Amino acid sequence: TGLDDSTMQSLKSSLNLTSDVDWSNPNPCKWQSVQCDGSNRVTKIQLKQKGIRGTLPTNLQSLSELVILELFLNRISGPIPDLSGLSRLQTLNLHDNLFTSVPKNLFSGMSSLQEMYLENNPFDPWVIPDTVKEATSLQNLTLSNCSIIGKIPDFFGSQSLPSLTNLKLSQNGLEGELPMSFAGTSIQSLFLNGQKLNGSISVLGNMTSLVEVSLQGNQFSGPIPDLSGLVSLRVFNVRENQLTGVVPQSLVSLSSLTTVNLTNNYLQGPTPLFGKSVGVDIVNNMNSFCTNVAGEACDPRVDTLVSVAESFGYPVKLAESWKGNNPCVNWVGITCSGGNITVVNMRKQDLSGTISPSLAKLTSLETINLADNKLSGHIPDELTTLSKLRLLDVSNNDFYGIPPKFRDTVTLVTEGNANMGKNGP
């Protein structure tokens, strides 16, 4: 009476059905919580929260017309079998079982899949396979707490997964950087909290459909990008990272914003002042803001030095040290003669970037040593206005252009800059 009958017997044998599930009929299309279409092919199997033990039969993918498979909150163990024959499957919900592995070709063949929830299964550790690019209808993917390792694959772009909306990969063991193909996507919910992701979060600024993002508890560094395109952003949680730099005004000014968690980073400049409808999680002293008063301006020397750090790319080493509103109190590389900043010394600090023209606003400076780094660009002419400057040593970088003329009394060391004096087109 049906092409799926024999595979359904395999399923009935491999599951220890609880007792209020009646699968006794000779016709599996009449089984409880099983649905068939007009041609007697199985289209839905929905055994929700029954605590059922057993396994999945390895011929499950023979149910080629299966559309809905919901078995979450049971105690089903063993491997998840090959699912590539389930080309009409729209929903796969297996969360909170006892499955111990996923097929290595997961997503292959699954051209109708809209949503997949596997979270909280004790899987053997696995990398998200590149066959995820075959699940071109995917909208919801929750693989949180699934023992995933490796990197986020670069297959979440729009010409692969144009419908992807809710990507939840919380509490795995992912590492590495955010994929570039996140740029231009229409992901609306991104949960990557609680693992080992690192690098820059600038790609967020090209994710203009984002409504909710949590990067909480990773190793992201660098500044928060320009977010002025994220006109629907409501929840922004980047708690417990290594973010540095000034909180951009484009984030503080988003009218859609509802909730912001910045606690436990190395953010610099003034504590930001969000709108008063915003729930704000910024606990005193758990960043590197100049004061703990939201909206309070910094000391102008602090503003100047943060601009200097900006052109170094906001290194974590400076942000961890440059705390409070007085640069004369134990800031690394900063020496003062009673209130006046007199020395900026960052020799051999692996610095990349340029020298900010703002450095010339520290008008009491007597020595600048930036030797033995990886800086480039021009030496700013504004430095020649430093009337008390006696030594500018930029040895062993990659500066170019015309070296400015300092007064007779300034010692300028530019040796080791191969392209110094080169100023052609």
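Residue indices: 1-based, along the sequence shown.
Read off the CA B-factors in the entry, average them over 230 to 238 and over 157 to 165, and name the higher stretch.
It is 157 to 165.
Can you let me know which of the two, 293 to 301 or 147 to 155, has the higher average C-alpha B-factor in the entry?
Higher of the two, by average CA B-factor, is 147 to 155.
Would you mind finding, among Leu60, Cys29, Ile368, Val67, the residue with the largest C-alpha temperature factor in the entry?
Spelled out: the listed residue with the top C-alpha B-factor is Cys29.
Lowest, middle or highest third - CA B-factor, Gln46
It belongs to the lowest third of the chain when residues are ordered by C-alpha B-factor.
Going by the entry, which third of its chain does the Cα temperature factor of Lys196 land in?
Middle third.
Third of the chain's Cα B-factor distribution that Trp322 belongs to, per the entry:
Bottom third by C-alpha B-factor.
Would you mind checking where the Cα B-factor of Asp130 ranks among the modelled residues of its chain, as the lowest, middle or highest third?
According to the entry, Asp130 has a C-alpha B-factor in the chain's highest third.
Pull the Cα B-factor of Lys276 out of the PDB entry and bin it into the chain's lowest, middle or highest third.
Highest third, going by the recorded CA B-factors of the chain.
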